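Let me begin by presenting the structure, written as structure tokens, before commenting on it.
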Amino acid sequence: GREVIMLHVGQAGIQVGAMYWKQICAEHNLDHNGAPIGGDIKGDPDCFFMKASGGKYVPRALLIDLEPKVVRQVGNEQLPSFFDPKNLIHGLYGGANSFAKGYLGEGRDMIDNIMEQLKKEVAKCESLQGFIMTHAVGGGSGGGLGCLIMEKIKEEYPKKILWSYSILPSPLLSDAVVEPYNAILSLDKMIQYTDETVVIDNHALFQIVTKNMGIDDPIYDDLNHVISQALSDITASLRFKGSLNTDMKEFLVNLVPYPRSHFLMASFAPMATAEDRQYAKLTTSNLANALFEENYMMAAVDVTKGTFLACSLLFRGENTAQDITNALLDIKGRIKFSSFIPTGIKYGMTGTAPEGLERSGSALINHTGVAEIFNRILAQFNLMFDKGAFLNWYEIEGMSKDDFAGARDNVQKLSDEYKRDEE
Amino acid sequence: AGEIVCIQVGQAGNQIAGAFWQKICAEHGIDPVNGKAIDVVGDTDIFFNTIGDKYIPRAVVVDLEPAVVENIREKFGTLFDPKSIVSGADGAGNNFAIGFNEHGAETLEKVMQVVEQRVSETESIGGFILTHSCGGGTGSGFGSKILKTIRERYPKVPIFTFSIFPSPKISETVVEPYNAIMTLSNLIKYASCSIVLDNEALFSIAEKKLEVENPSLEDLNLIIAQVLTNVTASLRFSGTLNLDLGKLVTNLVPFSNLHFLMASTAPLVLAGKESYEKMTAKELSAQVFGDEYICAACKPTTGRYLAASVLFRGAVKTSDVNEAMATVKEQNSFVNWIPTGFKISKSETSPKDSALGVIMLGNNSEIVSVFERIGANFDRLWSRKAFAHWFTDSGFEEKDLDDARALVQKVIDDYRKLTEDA
Ligand SMILES: Nc1nc2c(ncn2[C@@H]2O[C@H](COP(=O)(O)OP(=O)(O)OP(=O)(O)O)[C@@H](O)[C@H]2O)c(=O)[nH]1
Ligand SMILES: Nc1nc2c(ncn2[C@@H]2O[C@H](COP(=O)(O)OP(=O)(O)OP(=O)(O)O)[C@@H](O)[C@H]2O)c(=O)[nH]1
């Protein structure tokens, strides 16, 4: 099998997913509505879709939310009839920017239907490789159900690999004053339960849309174009035959040198185009360089200053192996790698391309600068927690100060662990 | 899916809500009264039920007044469904305690049956909105037993209230303090949030900016209606931030017991439509955050904000908004360094009668000056007669007023402390 099941939780999770699924469909030449096959199917659709006897390919995905709106509009209007209608799951009341509801309040009841329906979905796989969850970190259902679901997955499926792809609370575009509280609670849960996770910061994403794409006044819908394309390259290696990353099991060997230091930053390039110029800079070396520059990094961290713990560059399309190899000579030595990790830059290439681009690529970077992101969130957490602001919106559902303190300390230890590798 | 049941209590509740309902009908393309679907837009379902070829305001109408509120029968007619209008055997005076005595239970249950129906027809309750005056036998005398009973039966459902405080003028019944403080007690104790609208502010705005020679009660109601309509708009027309009623409560109230909010709106336009309404984002922001337009009469330019949010309604340039809001942040300041304390959102639907409008809500510690005035009425009454002398038979016992003032003082004192500590 080597099948993968995707969970999308909360609004941001579901909308980013909806875009992912439109794009993955295009890559396989499978039609958006009704999931038909345009005669000639490309790649290996089995990684993400189930094959009906009527020829319909059904995306293996669950859209989950506490608020019965986003689930309804994607499953019935944006991609009508694409998703399996029994894998659309929703509650009746939303949370309200409160981790506590999604994790301990409404959501703790709903979790029995979530897990039963997942059980029905994994049971359809010839052999399941893992789960990939897409969610907002600092929201209500995103954070809360996301973390509840993750805990239950690890307990129920201990030997499958659990990845999460998640969106961090930049103060620049926020729907919640308490977002940092939800973030540190969610990050705590992830440290204890995921096997690998990719961190996208809306702050960075905003910078990219604003300056690389030339789009004034970014709205969430633009930020999600960048996300969707990046996410599409990350899982591309599981969709097309290729080298380097070819299985979730390899991802956990190459990109996570320590069981507790699995937070990855990601880059993606070319960021589609300016609608002028060219669709892509074709010089192999410009693409290779781009993946290590600050303008293509969705973390808002200059990776120049810090230590790389792992790096994996997946190239797609027309790039020649020898040119990439030559391009890497001017990258190693601009950047430093950990003395305790013999691994250098791993790279390879899958001979397909996103629709419309000659060549493109992405990179998963495990790097000490991730700590800066955690440290910004923790600083906000500390100013608010220390005066007791908004704690009543959590205690009212059962989450006392002791859990907040626990989460704070575990996230701080994570940050300290990464800081040591800078020496 | 997050729908809102609206409760209107007492004379003030009904006149104000009436104005609200007409305006909200206009914005969503529903003809008032003959609620036909004249190109209906927006998330209509939050405030109107839909039967088919009809749109019914999801409202509960409450009046202890004897007989019926023909004031609705004649002024709105088919706008409101008659099964939702509740009254009892007789009325009440200007005394809170009458709303709370003489078998008021008959109407409290009838009101609750109606509430149960507006709740049960709804897939999911996203909250209640309750509009009422604080100065009389029904507005608060009955309105506060409603507020209490609602939280008893729907404990997790947020109640957002709008309430009118009487003019400091003593032209009204002089038992007002006894009402006002018992009213605050229950608002502090049970509401999730409340907007404090002070008739003094509405009045001085009407005199100074809307050019009204001698503002009548019916003119003040329009300022209120414009504030209610615009404040509620973020819940009806989706914009750049995904806000709803529960989320507004969370973003503006960091502590229990400090949930009294100020409100301000601009341009403020009365039905006469005397002037052409076009402003830049910069002019509009400077006015909404000035003292001139604050409906609580509190001068929140000299104190400090604890949390706040601004919605722009209409087509406004993002560049201009950010410069305008930068100017604001330098003109005033915010408490405990809540790093996320100030939010800006936009939504494209133009509020009618204006090119661009702005709503500002805030939790600001100068709001206690309203509470200082109410307390002052008590301190004068009790320094002269510390006996609750209007309550010697069917009124409240001193212990009830003990409770009420204790709670009010905690509100005043906690605001003061938090501001000074930052
Ligand atoms: N990149 C991106 N970020 C988003 C998007 N939507 C929301 N965010 C961010 O996510 C935070 C909360 O996101 P939500 O998706 O609303 O979380 P939620 O679970 O739906 O929150 P609830 O509605 O209370 O359950 C926001 O404050 C933003 O920081 C989106 O579409 N794209
Ligand atoms: N801003 C505003 N103030 C109002 C309005 N209606 C009444 N008031 C003031 O509010 C107080 C009366 O409040 P209510 O509780 O509604 O009076 P009531 O209890 O209904 O009085 P009765 O009809 O005699 O039973 C007085 O001080 C009025 O000045 C209104 O629509 N808007």
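Order determines the names: the first chain of the structure tokens is A, the second B, and so forth; residues in each chain are numbered 1 upward, and ligands are numbered 1 upward as they are shown.
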
(message) Distance limit 7 Å, reference ligand 1, atoms considered: only C-alpha atoms and all ligand atoms. Which residues make the cut? Give them as JSON, numbers by chain.
(response) {"A": [10, 11, 12, 13, 15, 16, 65, 66, 67, 94, 95, 96, 97, 98, 136, 137, 138, 139, 140, 141, 142, 143, 167, 168, 169, 170, 173, 174, 175, 176, 179, 202, 220, 221, 223, 224], "B": [242]}

Could you take the residues named above and write them with C-alpha atoms, as a tab-separated table (two decimals), in the first residue's frame?
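As written to disk, part.tsv reads:
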```
chain	number	residue	atom	x	y	z
A	10	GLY	CA	-10.03	23.71	11.99
A	11	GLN	CA	-10.59	26.46	9.50
A	12	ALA	CA	-7.07	27.05	8.44
A	13	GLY	CA	-6.48	23.34	8.29
A	15	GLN	CA	-8.95	25.57	3.74
A	16	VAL	CA	-5.28	24.78	3.21
A	65	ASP	CA	-14.03	21.13	12.78
A	66	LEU	CA	-16.00	22.15	15.78
A	67	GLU	CA	-17.76	24.89	13.86
A	94	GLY	CA	-17.34	26.27	17.70
A	95	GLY	CA	-14.67	26.92	20.18
A	96	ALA	CA	-13.69	30.43	20.64
A	97	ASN	CA	-10.03	30.80	20.42
A	98	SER	CA	-9.74	28.39	23.35
A	136	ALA	CA	-3.70	26.04	12.91
A	137	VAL	CA	-1.75	25.92	16.15
A	138	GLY	CA	-3.24	28.85	18.01
A	139	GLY	CA	-6.86	28.38	17.25
A	140	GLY	CA	-9.57	26.60	19.07
A	141	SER	CA	-10.37	23.47	17.22
A	142	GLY	CA	-7.12	23.54	15.37
A	143	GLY	CA	-5.02	23.60	18.46
A	167	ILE	CA	0.55	27.34	11.25
A	168	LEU	CA	2.00	29.57	14.00
A	169	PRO	CA	0.45	32.65	15.46
A	170	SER	CA	2.09	35.70	14.01
A	173	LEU	CA	-2.69	38.69	11.33
A	174	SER	CA	-4.44	37.40	14.37
A	175	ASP	CA	-8.03	36.59	15.20
A	176	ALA	CA	-7.24	35.93	18.84
A	179	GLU	CA	-3.39	33.05	20.47
A	202	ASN	CA	2.35	33.48	9.12
A	220	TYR	CA	-5.46	34.69	4.35
A	221	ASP	CA	-6.42	33.51	0.88
A	223	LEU	CA	-1.05	33.21	2.28
A	224	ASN	CA	-2.65	29.91	1.56
B	242	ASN	CA	-13.06	35.53	11.39
```

Where does DSSP see strand (DSSP E) in stretch 144-351 of chain B, if you list the residues as a CSV table (one decimal) with N, CA, C and O atoms, in the first residue's frame?
```
chain,number,residue,atom,x,y,z
B,159,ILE,N,-23.7,35.8,27.1
B,159,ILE,CA,-24.7,36.9,27.0
B,159,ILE,C,-24.0,38.2,26.9
B,159,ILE,O,-23.2,38.6,27.7
B,160,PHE,N,-24.2,38.9,25.8
B,160,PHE,CA,-23.6,40.2,25.5
B,160,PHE,C,-24.7,41.2,25.6
B,160,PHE,O,-25.8,41.0,25.1
B,161,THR,N,-24.5,42.2,26.4
B,161,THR,CA,-25.6,43.1,26.7
B,161,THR,C,-25.3,44.5,26.2
B,161,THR,O,-24.2,44.9,26.1
B,162,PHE,N,-26.3,45.2,25.9
B,162,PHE,CA,-26.3,46.6,25.7
B,162,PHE,C,-27.2,47.2,26.7
B,162,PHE,O,-28.3,46.8,26.8
B,163,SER,N,-26.7,48.2,27.4
B,163,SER,CA,-27.6,48.8,28.4
B,163,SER,C,-27.4,50.3,28.4
B,163,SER,O,-26.4,50.8,28.2
B,164,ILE,N,-28.5,50.9,28.8
B,164,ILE,CA,-28.6,52.3,28.9
B,164,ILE,C,-28.6,52.8,30.3
B,164,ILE,O,-29.5,52.5,31.1
B,165,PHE,N,-27.6,53.7,30.6
B,165,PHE,CA,-27.7,54.3,31.9
B,165,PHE,C,-28.3,55.6,31.8
B,165,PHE,O,-28.2,56.4,30.8
B,193,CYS,N,-20.2,40.3,28.5
B,193,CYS,CA,-19.8,41.6,28.2
B,193,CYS,C,-20.9,42.5,28.3
B,193,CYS,O,-22.1,42.1,28.2
B,194,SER,N,-20.6,43.8,28.4
B,194,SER,CA,-21.7,44.8,28.2
B,194,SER,C,-21.2,46.0,27.6
B,194,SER,O,-20.0,46.4,27.9
B,195,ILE,N,-22.0,46.7,26.9
B,195,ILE,CA,-21.6,48.0,26.4
B,195,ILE,C,-22.3,49.0,27.2
B,195,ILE,O,-23.5,49.0,27.3
B,196,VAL,N,-21.6,49.9,27.7
B,196,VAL,CA,-22.1,50.9,28.6
B,196,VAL,C,-22.4,52.1,27.8
B,196,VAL,O,-21.5,52.9,27.4
B,197,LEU,N,-23.7,52.4,27.6
B,197,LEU,CA,-24.1,53.6,26.9
B,197,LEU,C,-24.7,54.6,27.9
B,197,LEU,O,-25.7,54.2,28.6
B,198,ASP,N,-24.2,55.8,28.0
B,198,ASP,CA,-24.6,56.7,29.0
B,198,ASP,C,-25.4,57.8,28.3
B,198,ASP,O,-24.9,58.5,27.4
B,260,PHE,N,-16.8,45.5,31.2
B,260,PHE,CA,-17.6,46.7,30.7
B,260,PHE,C,-16.8,47.3,29.6
B,260,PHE,O,-15.7,47.8,29.8
B,261,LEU,N,-17.4,47.5,28.4
B,261,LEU,CA,-16.8,48.0,27.3
B,261,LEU,C,-17.3,49.4,26.8
B,261,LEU,O,-18.5,49.7,27.0
B,262,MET,N,-16.5,50.2,26.3
B,262,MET,CA,-16.9,51.4,25.7
B,262,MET,C,-17.2,51.2,24.2
B,262,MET,O,-16.7,50.3,23.6
B,263,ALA,N,-18.0,52.1,23.6
B,263,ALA,CA,-18.2,52.0,22.2
B,263,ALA,C,-18.2,53.3,21.6
B,263,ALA,O,-18.5,54.3,22.2
B,264,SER,N,-17.9,53.4,20.3
B,264,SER,CA,-17.8,54.6,19.6
B,264,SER,C,-18.0,54.3,18.1
B,264,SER,O,-17.6,53.3,17.6
B,265,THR,N,-18.7,55.2,17.4
B,265,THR,CA,-18.8,55.0,16.0
B,265,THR,C,-18.8,56.3,15.2
B,265,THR,O,-19.1,57.3,15.8
B,266,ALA,N,-18.5,56.2,13.9
B,266,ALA,CA,-18.4,57.4,13.1
B,266,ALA,C,-18.5,57.0,11.7
B,266,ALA,O,-18.1,55.9,11.3
B,305,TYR,N,-6.1,51.8,27.7
B,305,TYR,CA,-6.8,50.7,27.2
B,305,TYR,C,-6.3,49.4,27.7
B,305,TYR,O,-5.1,49.2,27.8
B,306,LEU,N,-7.1,48.4,27.9
B,306,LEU,CA,-6.6,47.1,28.2
B,306,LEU,C,-6.8,46.2,27.0
B,306,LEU,O,-5.9,45.3,26.8
B,307,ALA,N,-7.8,46.4,26.2
B,307,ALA,CA,-8.0,45.6,25.0
B,307,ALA,C,-8.9,46.4,24.1
B,307,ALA,O,-9.7,47.2,24.6
B,308,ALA,N,-8.8,46.3,22.8
B,308,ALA,CA,-9.6,47.1,21.9
B,308,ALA,C,-9.6,46.5,20.5
B,308,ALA,O,-8.7,45.7,20.1
B,309,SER,N,-10.6,46.8,19.7
B,309,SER,CA,-10.7,46.4,18.3
B,309,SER,C,-11.5,47.3,17.4
B,309,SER,O,-12.4,48.0,17.9
B,310,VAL,N,-11.1,47.4,16.2
B,310,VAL,CA,-11.7,48.4,15.3
B,310,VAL,C,-12.0,47.7,14.0
B,310,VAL,O,-11.2,47.1,13.4
B,311,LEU,N,-13.3,47.9,13.6
B,311,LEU,CA,-13.7,47.4,12.3
B,311,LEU,C,-14.0,48.5,11.3
B,311,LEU,O,-14.7,49.5,11.7
B,312,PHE,N,-13.5,48.4,10.1
B,312,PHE,CA,-13.8,49.4,9.1
B,312,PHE,C,-14.8,48.8,8.2
B,312,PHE,O,-14.7,47.7,7.7
B,313,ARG,N,-15.9,49.5,8.0
B,313,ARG,CA,-17.0,49.1,7.2
B,313,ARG,C,-16.9,50.0,5.9
B,313,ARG,O,-17.3,51.2,6.0
B,342,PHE,N,-4.6,44.9,20.6
B,342,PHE,CA,-5.3,45.7,19.6
B,342,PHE,C,-5.5,45.1,18.3
B,342,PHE,O,-4.5,44.7,17.6
B,343,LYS,N,-6.7,44.9,17.8
B,343,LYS,CA,-7.0,44.3,16.6
B,343,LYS,C,-7.7,45.3,15.6
B,343,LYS,O,-8.5,46.1,16.0
B,344,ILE,N,-7.4,45.1,14.3
B,344,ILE,CA,-8.0,45.9,13.2
B,344,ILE,C,-8.5,44.9,12.2
B,344,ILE,O,-7.8,44.0,11.8
B,345,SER,N,-9.8,45.1,11.8
B,345,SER,CA,-10.3,44.3,10.7
B,345,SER,C,-11.1,45.1,9.7
B,345,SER,O,-11.4,46.3,10.0
B,346,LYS,N,-11.3,44.5,8.6
B,346,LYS,CA,-12.0,45.2,7.5
B,346,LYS,C,-13.1,44.3,6.9
B,346,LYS,O,-13.0,43.1,6.9
B,347,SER,N,-14.2,45.0,6.4
B,347,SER,CA,-15.3,44.3,5.7
B,347,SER,C,-15.8,45.2,4.7
B,347,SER,O,-16.1,46.4,5.0
```

(message) What residues of the protein or nucleic acid chains come within 9 Å of ligand 2 when you use only C-alpha atoms and all ligand atoms? Reply as a PyMOL selection string.
(response) chain B and resi 9-17+63-66+91-96+99+132-143+163-167+169-173+176+197-199+202-203+217-224

Please produce, as JSON lines, a per-residue contact table for chain B versus chain A (criterion: any atom at most 8 Å away, only C-alpha atoms considered), showing the nearest atom pair and its distance in Å to one decimal, sorted by chain then residue number.
```
{"residue": "B:1", "atom": "CA", "partner": "A:68", "partner_atom": "CA", "distance": 6.3}
{"residue": "B:2", "atom": "CA", "partner": "A:93", "partner_atom": "CA", "distance": 6.8}
{"residue": "B:123", "atom": "CA", "partner": "A:92", "partner_atom": "CA", "distance": 7.7}
{"residue": "B:124", "atom": "CA", "partner": "A:92", "partner_atom": "CA", "distance": 6.1}
{"residue": "B:125", "atom": "CA", "partner": "A:93", "partner_atom": "CA", "distance": 7.5}
{"residue": "B:126", "atom": "CA", "partner": "A:93", "partner_atom": "CA", "distance": 7.4}
{"residue": "B:240", "atom": "CA", "partner": "A:219", "partner_atom": "CA", "distance": 7.0}
{"residue": "B:241", "atom": "CA", "partner": "A:175", "partner_atom": "CA", "distance": 5.6}
{"residue": "B:242", "atom": "CA", "partner": "A:175", "partner_atom": "CA", "distance": 6.4}
{"residue": "B:243", "atom": "CA", "partner": "A:175", "partner_atom": "CA", "distance": 6.9}
{"residue": "B:246", "atom": "CA", "partner": "A:96", "partner_atom": "CA", "distance": 5.8}
{"residue": "B:247", "atom": "CA", "partner": "A:96", "partner_atom": "CA", "distance": 5.1}
{"residue": "B:250", "atom": "CA", "partner": "A:96", "partner_atom": "CA", "distance": 7.3}
{"residue": "B:251", "atom": "CA", "partner": "A:177", "partner_atom": "CA", "distance": 5.3}
{"residue": "B:253", "atom": "CA", "partner": "A:390", "partner_atom": "CA", "distance": 7.3}
{"residue": "B:254", "atom": "CA", "partner": "A:390", "partner_atom": "CA", "distance": 4.4}
{"residue": "B:255", "atom": "CA", "partner": "A:390", "partner_atom": "CA", "distance": 5.8}
{"residue": "B:256", "atom": "CA", "partner": "A:392", "partner_atom": "CA", "distance": 7.0}
{"residue": "B:318", "atom": "CA", "partner": "A:217", "partner_atom": "CA", "distance": 6.5}
{"residue": "B:336", "atom": "CA", "partner": "A:387", "partner_atom": "CA", "distance": 7.3}
{"residue": "B:337", "atom": "CA", "partner": "A:383", "partner_atom": "CA", "distance": 7.0}
{"residue": "B:338", "atom": "CA", "partner": "A:384", "partner_atom": "CA", "distance": 6.1}
{"residue": "B:339", "atom": "CA", "partner": "A:380", "partner_atom": "CA", "distance": 6.4}
{"residue": "B:340", "atom": "CA", "partner": "A:177", "partner_atom": "CA", "distance": 5.0}
{"residue": "B:341", "atom": "CA", "partner": "A:177", "partner_atom": "CA", "distance": 6.0}
{"residue": "B:343", "atom": "CA", "partner": "A:174", "partner_atom": "CA", "distance": 7.7}
```

Could the residues in this selection be saved with C-alpha atoms as a PDB file, in the first residue's frame?
```
ATOM      1  CA  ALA B   1     -24.609  27.418  13.371  1.00  0.00           C
ATOM      2  CA  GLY B   2     -23.851  30.221  15.762  1.00  0.00           C
ATOM      3  CA  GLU B 123     -29.397  24.563  15.228  1.00  0.00           C
ATOM      4  CA  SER B 124     -26.801  26.069  17.533  1.00  0.00           C
ATOM      5  CA  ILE B 125     -26.762  29.068  19.862  1.00  0.00           C
ATOM      6  CA  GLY B 126     -23.893  31.404  19.451  1.00  0.00           C
ATOM      7  CA  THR B 240     -10.720  39.928   7.137  1.00  0.00           C
ATOM      8  CA  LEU B 241     -10.771  38.419  10.633  1.00  0.00           C
ATOM      9  CA  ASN B 242     -13.062  35.529  11.387  1.00  0.00           C
ATOM     10  CA  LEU B 243     -14.840  36.955  14.389  1.00  0.00           C
ATOM     11  CA  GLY B 246     -17.992  34.269  21.429  1.00  0.00           C
ATOM     12  CA  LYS B 247     -14.717  35.384  20.034  1.00  0.00           C
ATOM     13  CA  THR B 250     -12.707  36.492  24.502  1.00  0.00           C
ATOM     14  CA  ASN B 251     -10.699  39.189  22.770  1.00  0.00           C
ATOM     15  CA  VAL B 253     -12.310  40.774  28.303  1.00  0.00           C
ATOM     16  CA  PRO B 254      -9.102  39.616  29.946  1.00  0.00           C
ATOM     17  CA  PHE B 255     -10.395  39.261  33.403  1.00  0.00           C
ATOM     18  CA  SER B 256     -13.710  38.366  34.786  1.00  0.00           C
ATOM     19  CA  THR B 318      -5.000  49.345   3.671  1.00  0.00           C
ATOM     20  CA  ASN B 336      -0.089  44.980  31.036  1.00  0.00           C
ATOM     21  CA  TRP B 337       1.510  44.954  27.686  1.00  0.00           C
ATOM     22  CA  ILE B 338      -1.005  42.527  26.318  1.00  0.00           C
ATOM     23  CA  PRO B 339       1.014  42.154  23.121  1.00  0.00           C
ATOM     24  CA  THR B 340      -1.986  41.152  21.106  1.00  0.00           C
ATOM     25  CA  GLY B 341      -4.313  43.664  22.664  1.00  0.00           C
ATOM     26  CA  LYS B 343      -7.040  44.304  16.554  1.00  0.00           C
TER      27      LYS B 343
END
```

(request) Please measure the separation of atom CA of residue A:8 and atom CA of residue A:118, giving the value in Å to one decimal. (result) 12.3 Å

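With only C-alpha atoms as the atoms that count, the minimum distance from residue A:345 to the choices A:33, A:322, A:254, A:237 is reached by A:254.
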
(message) Considering only alpha helix (DSSP H) as DSSP defines it on the backbone, what residues of stretch 120-321 of chain A qualify? List them as a ChimeraX atom specification.
(response) /A:120-122,141-156,179-193,202-211,220-234,248-254,284-290,321

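For stretch 267-269 of chain A, the non-local neighbours within 8 Å, defined as residues at least 5 positions apart in the same chain or in other chains and counting only C-alpha atoms, are residues 229, 230, 233, 287, 290, 291, 292, 296, 297, 298, 360, 361, 362, 363, 364 and 365 of chain A.
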
Expected file: the selected residues, N, CA, C and O atoms, as a PDB file, in the first residue's frame:
```
ATOM      1  N   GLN A 229       1.315  25.434  -2.234  1.00  0.00           N
ATOM      2  CA  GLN A 229       2.362  24.971  -3.130  1.00  0.00           C
ATOM      3  C   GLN A 229       3.523  24.364  -2.354  1.00  0.00           C
ATOM      4  O   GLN A 229       4.096  23.344  -2.769  1.00  0.00           O
ATOM      5  N   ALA A 230       3.888  24.956  -1.218  1.00  0.00           N
ATOM      6  CA  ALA A 230       4.960  24.348  -0.442  1.00  0.00           C
ATOM      7  C   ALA A 230       4.572  22.961   0.013  1.00  0.00           C
ATOM      8  O   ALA A 230       5.387  22.033  -0.015  1.00  0.00           O
ATOM      9  N   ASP A 233       4.959  20.380  -2.725  1.00  0.00           N
ATOM     10  CA  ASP A 233       6.302  19.835  -2.946  1.00  0.00           C
ATOM     11  C   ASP A 233       6.763  18.909  -1.830  1.00  0.00           C
ATOM     12  O   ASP A 233       7.434  17.926  -2.104  1.00  0.00           O
ATOM     13  N   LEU A 287      17.942  28.332  -8.515  1.00  0.00           N
ATOM     14  CA  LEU A 287      16.976  27.584  -7.726  1.00  0.00           C
ATOM     15  C   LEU A 287      17.624  26.987  -6.491  1.00  0.00           C
ATOM     16  O   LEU A 287      17.071  27.057  -5.385  1.00  0.00           O
ATOM     17  N   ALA A 290      18.173  29.586  -3.993  1.00  0.00           N
ATOM     18  CA  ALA A 290      16.976  30.158  -3.445  1.00  0.00           C
ATOM     19  C   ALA A 290      16.532  29.383  -2.241  1.00  0.00           C
ATOM     20  O   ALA A 290      16.044  29.964  -1.270  1.00  0.00           O
ATOM     21  N   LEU A 291      16.693  28.087  -2.270  1.00  0.00           N
ATOM     22  CA  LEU A 291      16.129  27.318  -1.183  1.00  0.00           C
ATOM     23  C   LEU A 291      16.780  27.611   0.170  1.00  0.00           C
ATOM     24  O   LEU A 291      16.218  27.230   1.199  1.00  0.00           O
ATOM     25  N   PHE A 292      17.944  28.259   0.200  1.00  0.00           N
ATOM     26  CA  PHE A 292      18.631  28.628   1.423  1.00  0.00           C
ATOM     27  C   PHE A 292      18.649  30.128   1.673  1.00  0.00           C
ATOM     28  O   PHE A 292      19.400  30.585   2.532  1.00  0.00           O
ATOM     29  N   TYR A 296      12.684  32.875   0.683  1.00  0.00           N
ATOM     30  CA  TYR A 296      11.853  31.761   0.331  1.00  0.00           C
ATOM     31  C   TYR A 296      11.560  30.903   1.534  1.00  0.00           C
ATOM     32  O   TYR A 296      11.020  29.812   1.393  1.00  0.00           O
ATOM     33  N   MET A 297      11.945  31.341   2.696  1.00  0.00           N
ATOM     34  CA  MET A 297      11.833  30.549   3.894  1.00  0.00           C
ATOM     35  C   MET A 297      10.605  31.005   4.640  1.00  0.00           C
ATOM     36  O   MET A 297      10.469  32.166   4.992  1.00  0.00           O
ATOM     37  N   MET A 298       9.720  30.093   4.851  1.00  0.00           N
ATOM     38  CA  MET A 298       8.464  30.365   5.482  1.00  0.00           C
ATOM     39  C   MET A 298       8.554  30.465   6.998  1.00  0.00           C
ATOM     40  O   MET A 298       7.520  30.497   7.667  1.00  0.00           O
ATOM     41  N   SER A 360      11.425  23.399 -10.140  1.00  0.00           N
ATOM     42  CA  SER A 360      11.071  23.965  -8.863  1.00  0.00           C
ATOM     43  C   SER A 360      11.660  23.094  -7.800  1.00  0.00           C
ATOM     44  O   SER A 360      12.168  22.018  -8.085  1.00  0.00           O
ATOM     45  N   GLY A 361      11.523  23.522  -6.558  1.00  0.00           N
ATOM     46  CA  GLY A 361      12.032  22.697  -5.478  1.00  0.00           C
ATOM     47  C   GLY A 361      11.691  23.235  -4.108  1.00  0.00           C
ATOM     48  O   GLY A 361      11.151  24.327  -3.956  1.00  0.00           O
ATOM     49  N   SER A 362      12.012  22.442  -3.107  1.00  0.00           N
ATOM     50  CA  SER A 362      11.673  22.796  -1.761  1.00  0.00           C
ATOM     51  C   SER A 362      12.699  22.211  -0.846  1.00  0.00           C
ATOM     52  O   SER A 362      13.486  21.362  -1.237  1.00  0.00           O
ATOM     53  N   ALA A 363      12.680  22.649   0.395  1.00  0.00           N
ATOM     54  CA  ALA A 363      13.665  22.106   1.291  1.00  0.00           C
ATOM     55  C   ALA A 363      13.134  22.001   2.690  1.00  0.00           C
ATOM     56  O   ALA A 363      12.433  22.884   3.174  1.00  0.00           O
ATOM     57  N   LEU A 364      13.504  20.941   3.349  1.00  0.00           N
ATOM     58  CA  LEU A 364      13.207  20.780   4.736  1.00  0.00           C
ATOM     59  C   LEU A 364      14.496  21.018   5.489  1.00  0.00           C
ATOM     60  O   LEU A 364      15.497  20.343   5.247  1.00  0.00           O
ATOM     61  N   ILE A 365      14.477  21.956   6.403  1.00  0.00           N
ATOM     62  CA  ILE A 365      15.654  22.415   7.090  1.00  0.00           C
ATOM     63  C   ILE A 365      15.441  22.257   8.574  1.00  0.00           C
ATOM     64  O   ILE A 365      14.482  22.789   9.122  1.00  0.00           O
TER      65      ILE A 365
END
```

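Here atom CA of residue A:59 is placed at a distance of 27.1 Å from atom CA of residue A:358.
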
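Closest approach to residue B:303 from the set B:234, B:44, B:419, B:144 is made by B:419, with distances taken over only C-alpha atoms.
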